[PDB]
Amino acid sequence: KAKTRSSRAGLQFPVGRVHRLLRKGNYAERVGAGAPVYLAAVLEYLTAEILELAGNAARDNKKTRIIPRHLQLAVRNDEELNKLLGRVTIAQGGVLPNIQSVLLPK
Amino acid sequence: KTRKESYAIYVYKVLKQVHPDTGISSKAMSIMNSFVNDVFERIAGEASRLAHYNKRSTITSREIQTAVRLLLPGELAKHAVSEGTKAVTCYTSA
Amino acid sequence: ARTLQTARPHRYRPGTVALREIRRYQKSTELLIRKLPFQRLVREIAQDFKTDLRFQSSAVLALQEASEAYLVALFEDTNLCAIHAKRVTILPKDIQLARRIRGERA
Amino acid sequence: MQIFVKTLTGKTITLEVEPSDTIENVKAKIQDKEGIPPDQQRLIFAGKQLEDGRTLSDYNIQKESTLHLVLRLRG
Amino acid sequence: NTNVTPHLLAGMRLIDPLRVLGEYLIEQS
Amino acid sequence: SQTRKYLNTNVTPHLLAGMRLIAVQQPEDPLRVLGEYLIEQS
Amino acid sequence: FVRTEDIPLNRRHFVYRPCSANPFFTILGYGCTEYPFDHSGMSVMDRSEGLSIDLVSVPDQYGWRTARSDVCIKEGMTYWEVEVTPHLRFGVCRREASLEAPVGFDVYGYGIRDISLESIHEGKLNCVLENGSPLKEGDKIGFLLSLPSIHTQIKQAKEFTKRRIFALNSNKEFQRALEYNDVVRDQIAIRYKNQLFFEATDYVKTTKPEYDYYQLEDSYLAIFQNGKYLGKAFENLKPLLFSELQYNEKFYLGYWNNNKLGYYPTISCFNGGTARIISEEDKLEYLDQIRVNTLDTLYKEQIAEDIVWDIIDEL
Amino acid sequence: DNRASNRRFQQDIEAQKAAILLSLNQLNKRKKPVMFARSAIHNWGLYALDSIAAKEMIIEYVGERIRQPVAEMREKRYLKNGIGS
Amino acid sequence: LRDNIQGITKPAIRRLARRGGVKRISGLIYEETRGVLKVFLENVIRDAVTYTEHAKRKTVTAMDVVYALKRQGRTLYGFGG
């Protein structure tokens with residue numbers, strides 16, 4: 013019987029899909045047979061690392077549905093996920109609360 | 031109708047193993063999907079550029095590793111490369 | 001010893046309602062520009078390029094998102110410039126310096 | 001009689017056994033209650049690993065005793 | 127409520149020894 | 120309240136006694152027999 | 051056994067009661083219902099949320120829970136029978191006792207145990223009876239409860255007052298400034318999820334009143359099993375005229430009986446131990462060995488007293 | 902590092918789960939490193955082992971769930987045996 | 022459709038500046054800001070319209086705006102990116 017290529021490596025993200033995208037995206041003339049697996053592992057690691065902080069935020073905000081504001085918080089509150097997404101803008105993410113100290117009353 | 035594709039069900043299968051009770055919205059799902067696409071394109075493009083300078087004709091599991099180690103910041107790089115090599119080992123010996 | 005628990038006219042001086050609007054907007058995540066004026070502005074600007082376009086209803090919206098996430102960010106930078114010059118107001122010579130340093134004018 | 005089997009994960013199960021039951025019978029009871037095959041588990045009591053062939057009463061186990069179940073984990 | 131409530135309300139509204153209520157109670161019936 | 124005080128002081132006790140007597144078993148003219156009972160008190 | 055889904059249960063010292071539209075009343079619009087049935091039955095307002103249902112029990116995994124009889128035994132001689179890991183308890187308790195706690199855990203209730211027929215009060219067990227006859231699954235336990243005449247309880251209360259006014263007090294002056306025959310009730314109409322109930326304030330636990347211990351005059355609790363008495367459970371029954381309602385004394389100081434005082438027959442259920450209580454003479458089995476009235480009579484009497492007081496209190 | 906190790910351990914459990927329940931984990935694992943030592947305010951106390959920021963979860967307060975009367979009885983019995991804490 | 026830039030009124034600029042974190046606006050900002058915003062909008066819609074008329078169609082989609090944004094360094098997540 014068949015056995016999905018993304019299940020032989022303990023991954024959730026599809027490996028046949030990533031392989032077809034690498035093949036038909038015109039990145040190189042030939043694609044190693046283990047490159048899609050590595051890339052899919054890295055993709056699911058990053059998405060889990062951001063979804064975890066998003067869930068932590070949505071829970072510490074007494075909701076139970078991850079929502080764009082929670083992703084904006086999870087990203088801009090980190091320090092390395094902030095450099096990976098320094099140029100992006102997350103639609104409906106608002107901004108991070110911050111007020112300068114020269115402005116706060118004395 | 032024509033069937034378009036995305037990463038919805040896979041992001042959902044990952045959410046249902048990182049937070050087994052939370053549930054994602056719709057706009058947040060589209061945001062995560064475009065995020066995955068953007069990082070995919072970044073990594074594959076850098077991997078191609080790198081498999082070009084060296085005059086190789088293929089984009090192997092090591093061009094991808096060096097790409098991941100260039101693009102991703104300081105500590106995300108180590109964990110990303112560890113997860114990648116673990117997955118590739120668990121896959122090749124099966 | 002007992003069981004612990006978690007539960008059991039006017040005129041604001043100038044500068045305080047501002048410090049409250051800052052806190053109530055830095056936590057909200059909606060759009061801060063009316064939608065019909067921005068619709069008309071986008072349609073009017075796109076005349077100079079092609080006469081009669083149709084602007085699918087998600088295009089306009091898209092633009093609005095960016096058009097906020099730009100201006101807001103810009104203001105942040107200008108703020109610092111003001112605070113740098115030992116003042117609190119932001120002046121047009123601050124926006125111009127931010128845009129120059131940042132690369133948009135050169 | 002009741003004995004306890006404390007699993008690392010935080011779960012303690014209260015098995016019903018007799019002192020004349022063999023340890024093999026105990027592993028079978030842990031299986032038929034929880035479905036864990038006797039071959040994959042590992043039972044520990046008082047710092048000594050319970051030996052595969054011998055009996056429960058060999059270790060002087062009486063009712064409401066507790067003992068630790070660690071798994072011989074693998075891939 | 128069907129039986130005795132309105133007679134009682136009318137009697138207490140009328141209210148003078150208790151004999152006056154005893155009779156008003158009879159006269160209502 | 121004054122009306123309550125007056126009624127409780129004089130009429131209410133034996134009115135209640137007769138009412139609960141007719142309540143245990145009801146007759147068909149309970150008002151007339153109750154009037155008789157209370158007048159027979161005074 | 052089924053649970054209640056949309057009824058306000060007695061909690062936080064508040065009691066509820068259903069009402070029906072009564073157009074003879076102008077100031078108020080509603081009057082008390084007879085019951086969801088003719089005869090007396092299990093009072094659904096003062097039950098625990100976990101107490102499921109003349110039949111009551113809890114699931115087999117639930118701690119001690121109780122129900123009280125609707126009828127309030129003020130005085131006189133009342134007899135009835137209660138029909139019987180799963181334990182139960184039979185007894186009598188005042189209002190101050192919690193529906194979450196087994197009868198006899200406090201000083202306001204007196205009860206008996208199913209196993210060994212031990213008597214339970216103040217949380218302590220007693221083996222006053224020497225018979226020690228075990229109780230089976232089909233036994234019928236009779237209760238004869240005799241209480242003094244109202245007048246003697248009233249005079250005992252007046253004695254308590256005469257002590258308290260100066261002997262126990264020597292804002293004192295306000296306390297010294299502070304009706305025994307007269308009943309004054311407090312009732313507010315409320316609507317809970319489109320349903321209609323009356324809210325009334327209830328009593329709180331306080332320090333036990335002392336002087346010799348207060349005892350109802352010639353009060354006695356007698357228990358019978360299949361005609362054979364097993365003794366007197368208690369004599370020195372507490373007076374209640378002694379029973380302070382929940383009161384925000386701070387409020388009235390800053391500004392400056431409800432006909433339901435008595436002992437209720439109470440049934441307790443533990444880990445599924447069911448039972449049922451008998452009220453009516455036709456299904457009374459040992460009514461003649463006393464020689475008397477059944478509980479249902481006092482049920483009708485309470486209905487009459489409530490409706491008549493509702494009549495008078497309108498004006 | 903902590904979250905990566907935790908997710909790896911949890912997915913190892915989920916890979917083992919094919920042989921079975928009796929294995930789930932307290933989900934509030936995102937807890938900071940602390941320790942217990944002698945204190946000033948009282949005998950024992952909890953000291954943070956690492957510098958932590960503000961508005962961040964530290965630890966769950968976990969124990970046995972009981973109702974109110976059981977709690978009253980238990981605190982009475984503890985006051986009896988000299989616990990008084 | 023003439024002189025619509027006055028539709029970016031003064032309160033909208035105040036709200037944007039509040040979210041930006043500034044405390045005491047001047048009085049001349051409300052024209053420099055409209056100029057800046059008009060420049061940005063021209064720079065983006067030019068490439069959007071180029072992308073949309075290269076594909077031989079007359080409807081500015083949302084992918085066109087997403088591409089015209091990503092091309093200037095400013096990506097945008099959420100609109101089918």
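Residue numbers (PDB author numbering), protein chains in the order written: chain G, 13 to 118; chain H, 31 to 124; chain A, 1 to 8, 38 to 135; chain K, 1 to 75; chain Q, 127 to 141, 148 to 161; chain P, 120 to 161; chain O, 51 to 103, 109 to 139, 179 to 264, 292 to 299, 304 to 336, 346 to 375, 378 to 392, 430 to 464, 475 to 498; chain N, 902 to 921, 927 to 991; chain B, 22 to 102. We treat Cβ as the ideally placed atom computed from N, Cα and C, and that holds for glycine.
Inset, instruction - With a cut-off of 8 Å on the beta carbons, I'd call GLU92 of chain G and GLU105 of chain H a contact; round off their distance for me. - result: 6 Å
Inset, instruction - Count the C-beta pairs between the segment 31-50 of chain H and the segment 51-69 of chain B that are closer than 8 Å, then say yes if the count reaches three, no if not. - result: no
Inset, instruction - Would you mind stating whether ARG97 of chain O and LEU59 of chain O have Cβ atoms separated by less than 8 Å? - result: yes
Inset, instruction - Evaluate the contact criterion for the segment 23-40 of chain K versus the segment 52-59 of chain K: three or more CB pairs, one atom per stretch, below 8 Å. - result: Here the segment 23-40 of chain K makes contact with the segment 52-59 of chain K; the two share three or more CB pairs at distances below 8 Å.
Inset, instruction - Decide yes or no for the touch test of the segment 105-117 of chain G against the segment 51-59 of chain A: beta carbon pairs closer than 8 Å, at least 3 of them. - result: yes
Inset, instruction - Return helix, strand or coil for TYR57 of chain G, following the three-state DSSP convention. - result: DSSP places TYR57 of chain G in the helix class (H, G or I) of the three-state scheme.
Inset, instruction - Could you name the residues of chain A that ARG67 of chain B contacts, counting a contact when the two beta carbons are closer than 7 Å? - result: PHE78
Inset, instruction - Consult DSSP for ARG123 of chain O and reduce its assignment to one of helix, strand or coil. - result: strand
Legend entry - Terminal residues of the beta strand (DSSP E) in which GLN85 of chain A lies: DSSP places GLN85 of chain A in no beta strand (DSSP E); its state is neither H nor E.
Inset, instruction - Evaluate the contact criterion for the segment 87-96 of chain A versus the segment 36-56 of chain B: three or more CB pairs, one atom per stretch, below 8 Å. - result: no
Legend entry - Neighbour-count burial assignment, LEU933 of chain N, 16 or more Cβ in a 10 Å radius: exposed
Inset, instruction - Thinking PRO80 of chain G and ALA60 of chain G are a contact (beta carbons under 8 Å), I'd like their distance in whole angstroms, please. - result: In this structure, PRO80 of chain G and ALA60 of chain G do not form a Cβ contact; the two beta carbons are roughly 18 Å apart against a cut-off of 8 Å.
Legend entry - Residues of the segment 181-197 of chain O with Cβ closer than 7 Å to any Cβ of chain N, in chain order: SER192, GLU194 and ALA195
Legend entry - Beta-carbon neighbours of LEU928 of chain N, restricted to chain K and to distances below 8 Å: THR7, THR9, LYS11, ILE13 and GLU34
Inset, instruction - Measure the C-alpha to C-alpha separation of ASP51 of chain H and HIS82 of chain G and round it to an integer number of angstroms. - result: 16 Å
Inset, instruction - Kindly indicate which three-state DSSP category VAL137 of chain O falls into: helix, strand or coil? - result: strand
Legend entry - Cβ-based contacts, 8 Å cut-off: residues of the segment 44-74 of chain G near chain H: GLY44, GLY46, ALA47, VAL49, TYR50, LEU51, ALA52, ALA53, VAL54, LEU55, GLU56, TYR57, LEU58, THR59, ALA60, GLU61, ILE62, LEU63, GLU64, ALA66, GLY67, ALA70 and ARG71
Inset, instruction - Anything in chain K within Cβ reach of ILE921 of chain N, meaning under 8 Å, just list it in chain order. - result: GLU34, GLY35 and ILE36
Legend entry - Cα-Cα separation, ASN63 of chain H to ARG29 of chain G: 14 Å
Inset, instruction - Determine, using beta carbons only, whether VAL137 of chain O and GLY203 of chain O come nearer to each other than 8 Å. - result: no
Inset, instruction - Using the DSSP secondary-structure output, state which residues sit across from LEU498 of chain O in a beta bridge. - result: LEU498 of chain O is bridged by DSSP to nothing; it lacks a bridge partner.
Inset, instruction - Return the bridge partner residues of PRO114 of chain O from the DSSP annotation. - result: Bridge partners of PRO114 of chain O: none, in fact.
Legend entry - Partners in chain A for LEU985 of chain N, counting only beta-carbon separations shorter than 8 Å: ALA1
Legend entry - Spatial neighbours of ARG944 of chain N in its chain, beta-carbon cut-off 8 Å, leaving aside the 5 residues before and after: Closer than 8 Å at Cβ, skipping near neighbours: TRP950 and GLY951.
Legend entry - C-beta contact flag for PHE104 of chain A and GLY41 of chain B at 8 Å: yes
Legend entry - chain B residues whose Cβ lies nearer than 7 Å to that of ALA103 of chain G: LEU97, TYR98, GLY99 and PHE100
Legend entry - Distance cut-off 7 Å: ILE248 of chain O Cβ against heavy atoms of the ligand GTP: Only the bare structure without any ligand can be found here, which leaves the ligand GTP out of the picture.
Legend entry - Neighbour-count burial assignment, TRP392 of chain O, 16 or more Cβ in a 10 Å radius: exposed
Inset, instruction - Examine the Cβ distances between the segment 347-354 of chain O and the segment 193-201 of chain O and report whether three or more of them are shorter than 8 Å. - result: Contact between the segment 347-354 of chain O and the segment 193-201 of chain O is not established, with fewer than three Cβ pairs separated by less than 8 Å.
Legend entry - Residues near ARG310 of chain O in its chain [Cβ-Cβ closer than 6 Å; skip 5 each side]: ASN431
Legend entry - Nearest to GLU970 of chain N (by Cα), restricted to the options N:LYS961, N:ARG980 and N:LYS938: Nearest C-alpha to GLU970 of chain N: N:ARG980.
Inset, instruction - Measure from the C-beta of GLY106 of chain G to each C-beta in chain A and report whether the shortest distance is under 8 Å. - result: yes
Legend entry - Where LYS34 of chain H meets chain G, residues with beta-carbon distance less than 7 Å: Under the 7 Å cutoff, chain G gives no residues; its nearest Cβ is about 13 Å from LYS34 of chain H.
Legend entry - Short CB-CB distance (under 8 Å) between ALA916 of chain N and chain D: In summary, chain D is missing from the structure at hand, where the protein chains are G, H, A, K, Q, P, O, N and B.
Legend entry - Distance, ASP68 of chain B Cα to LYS91 of chain B Cα: 11 Å
Inset, instruction - Put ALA325 of chain O into one of helix, strand or coil per three-state DSSP. - result: It is a strand residue.
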